[PDB]
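First, one chain by itself: the form deposited in one PDB entry, in structure tokens.
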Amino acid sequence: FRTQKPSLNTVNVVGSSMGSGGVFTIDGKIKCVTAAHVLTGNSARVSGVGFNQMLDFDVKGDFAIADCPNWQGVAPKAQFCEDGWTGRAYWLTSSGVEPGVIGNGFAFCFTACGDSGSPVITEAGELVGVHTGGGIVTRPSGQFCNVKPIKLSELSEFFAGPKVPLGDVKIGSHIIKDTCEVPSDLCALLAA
């Protein structure tokens, strides 16, 4: 499930503990998002490709956001995702981008969710929040949703591809196996 390389906008964040984060252009400003608990107070050393600097963060609950105007790297445009939004999502972790989904009142990732502070972005490129340590996703307001198991049938709702027999593909404990037929794309992902 891990991409091979982290995205170019993924950063390491180190304050009182180890975290990661991501850089986006939000309302025309380059911003770094991470988890507030990893900071030394509200500060951290933020490093990525072509960047290494101490930043101070605005904090809301366990959500932390910093201005980073010296960031010369990749900073994809993002807005906070609309309230109520559900669909496929992606965790930007230090080992690569990992797929998951956001449902009503919960999140689900196909793997480990990365360090605390890993950004969670929608299929439309919008920022859901950041991962905190299978954990919680903390939204910009400081409110959160818990990472929870998911029924295979409900996970199937986020995938297209014609229905196929799941056959022998193994499913971890984070998926509740309530069906043995799945969309082909989901089957392929699970078998990969």
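Only residues modelled in both forms are compared. Start at 1 and count along the sequence shown; that's the residue number. Here, rigid core means the biggest group of C-alpha atoms that superpose within 1.5 Å across both forms.
Although not depicted, the form deposited in another entry is the subject of the following passage.
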- Message: Relative to the superposed rigid core, does residue 126 relocate between the shown form and the other one - that is, does its Cα move 2 Å or more?
- Response: no
- Align both forms on the core first, then report whether residue 68 has a C-alpha shift of 2 Å or more between the shown form and the other one. no
- Task: Compare the position of the CA of residue 153 between the shown form and the other one after a rigid core fit and state whether the shift reaches 2 Å.
- Result: yes
- Pin down for me whether the residue 147-residue 10 Cα distance shrinks or grows in the other form relative to this form (closer or farther, change of 3 Å or more). farther
- Query: Which way does the C-alpha gap of residue 14 and residue 114 go in the other form, closer or farther, given it changes by 3 angstroms or more?
  - Reply: closer
- Item | Regions shifting between the shown form and the other one, defined as 3+ consecutive residues whose CA atoms all move 2 Å or more relative to the core | 110 to 114, 146 to 192
